[PDB]
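Down below is the structure, laid out as structure tokens.
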Amino acid sequence: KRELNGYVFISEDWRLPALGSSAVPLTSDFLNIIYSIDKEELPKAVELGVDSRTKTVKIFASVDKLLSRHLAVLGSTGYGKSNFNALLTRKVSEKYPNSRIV
Amino acid sequence: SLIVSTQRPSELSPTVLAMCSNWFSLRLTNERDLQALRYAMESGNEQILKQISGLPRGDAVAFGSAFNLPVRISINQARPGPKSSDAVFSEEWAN
Amino acid sequence: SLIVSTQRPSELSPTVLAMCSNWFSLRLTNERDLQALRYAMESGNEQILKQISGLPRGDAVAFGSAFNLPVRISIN
Ligand SMILES: Nc1ncnc2c1ncn2[C@@H]1O[C@H](COP(=O)(O)OP(=O)(O)O)[C@@H](O)[C@H]1O
Ligand SMILES: [Mg+2]
């Protein structure tokens, strides 16, 4: 829905359309809105990667929301737990190494 | 390298069976062995593990980090091959 | 060689059942002996085992490592 001059995404899943309503695909303009942050943590956002299905929309995360509680990284033996651990902790823990990894 | 060879995996220690990074499995006879053999896999599935009971002599199932997908391979017969050191009753009964 | 003809094999450890070469099953009704026989009985054979209740006089089934597929053997 429109808020002031752009749009916003809500996560309520009981609203359904009426019979006879047309169907349209989703453009990248409407895909950016679904995978965005709440208009106020933009200066405090970190870039991680891009979505898989369309590889056109970037992904951002909030610093305060990520490194505030328990964080977990999973995997399988003989599958890259060492490799994935190294790569992810390399790309995530560069600018602020002050966190603790015992 | 450590290589474990036996004929009763279901009665083998779980950690012994889990010290492998690649696999080359031959025929296993009994059906009851599959109860604890279901854990043996680490990078496979159930669609190819169900045809080990009917695996003939010389064939094997290979899956691991060296294969893109699990395959059933027919290994060639070695030349020369192994020999036997046990006799037969007919040879003795000849007198 | 060990060919023991007995009707109470449960007193033997079940680990030895794996080295046998042929399995025989006459009219069995007692729980323990039939359960022990099924404890190490080759899979894929259920219909002939459950129909034992209707066996006529002298009818029996015998197969194993020497009989590749199940057979209903009536000794001459
Ligand atoms: N820079 C890279 N470029 C492409 N592939 C990579 C790179 N670094 C690692 N990989 C891949 O990641 C996989 C990691 O698996 P591996 O670390 O061997 O699993 P495990 O550590 O559980 O044994 C490897 O197969 C490797 O091909
Ligand atoms: Mg690992």
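Name the strands (runs of 3 or more DSSP E) wholly within the range B:15-95 that hold at least 2 residues that are within 13 Å of another protein chain (Cβ to nearest Cβ) and either closer than 20 Å to B:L2 by Cβ or of a type in the set (A, V, I, L, M, F, W, C) (or both)?
Working: elements: B:22-25, B:59-64, B:71-74.
It comes to B:22-25, B:59-64.
Applying the selection to the range A:46-102, what residues are closer than 26 Å to B:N22 by Cβ and either hydrophobic (A, V, I, L, M, F, W, C) or more than 16 Å from ligand 1 (Cβ to nearest atom) (or both)? Give the derivation first.
To start, the set of residues in the range A:46-102 that are closer than 26 Å to B:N22 by Cβ comprises A:73-87.
If the condition is that a residue be closer than 26 Å to B:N22 by Cβ and either hydrophobic (A, V, I, L, M, F, W, C) or more than 16 Å from ligand 1 (Cβ to nearest atom) (or both), then A:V73, A:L74, A:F84, A:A86, A:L87 are the ones that fit.
Find the residue count for the range B:1-14, including only residues that are part of a loop (DSSP other than H, G, I, E, B) and either under 19 Å from B:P70 (Cα atoms) or away from chain C (no Cβ under 13 Å) (or both). Write out each step before concluding.
Kept after step one, since they are part of a loop (DSSP other than H, G, I, E, B), are these residues of the range B:1-14: B:1-8, B:12-13.
Retained after the next criterion (residues that are either under 19 Å from B:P70 (Cα atoms) or away from chain C (no Cβ under 13 Å) (or both)): B:1-5, B:12-13.
Qualifying residue count for the region: 7.
Checking A:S22 against (1) surrounded by 10 or more Cβ atoms within 10 Å (Cβ to Cβ); (2) assigned to a loop (DSSP other than H, G, I, E, B), which single condition isn't satisfied?
(1)
What residue, of A:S22, A:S93, A:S82, A:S99, is more than 15 Å from the chain's Cα centre (by Cα), within 16 Å of ligand 2 (Cβ to nearest atom) and among the hydroxyl-bearing types (S, T, Y)?
Details: A:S22 fails: within 16 Å of ligand 2 (Cβ to nearest atom); A:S93 fails: within 16 Å of ligand 2 (Cβ to nearest atom); A:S99 fails: within 16 Å of ligand 2 (Cβ to nearest atom).
Step by step, each of A:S22, A:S93, A:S82, A:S99 is checked, and only A:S82 is more than 15 Å from the chain's Cα centre (by Cα), within 16 Å of ligand 2 (Cβ to nearest atom) and among the hydroxyl-bearing types (S, T, Y).
Within the bounds of the range B:67-74, is there any residue that is over 27 Å from B:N30 (Cα atoms), among the aliphatic types (A, V, I, L, M) and without any contact (Cβ under 8 Å) to a residue 60 or more places away in the chain? Before you say what the answer is, go through the steps one by one.
Within the range B:67-74, the subset over 27 Å from B:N30 (Cα atoms) is B:67-68.
From what's left, among the aliphatic types (A, V, I, L, M): none.
Checked against the condition, which is being over 27 Å from B:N30 (Cα atoms), among the aliphatic types (A, V, I, L, M) and without any contact (Cβ under 8 Å) to a residue 60 or more places away in the chain, the range B:67-74 yields no hits at all.
Values in this text are rule-based calculations from the coordinates and carry no lab data. Here the Cβ is made from the backbone with ideal geometry for all residues, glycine too, and neighbour counts use every protein chain on show.
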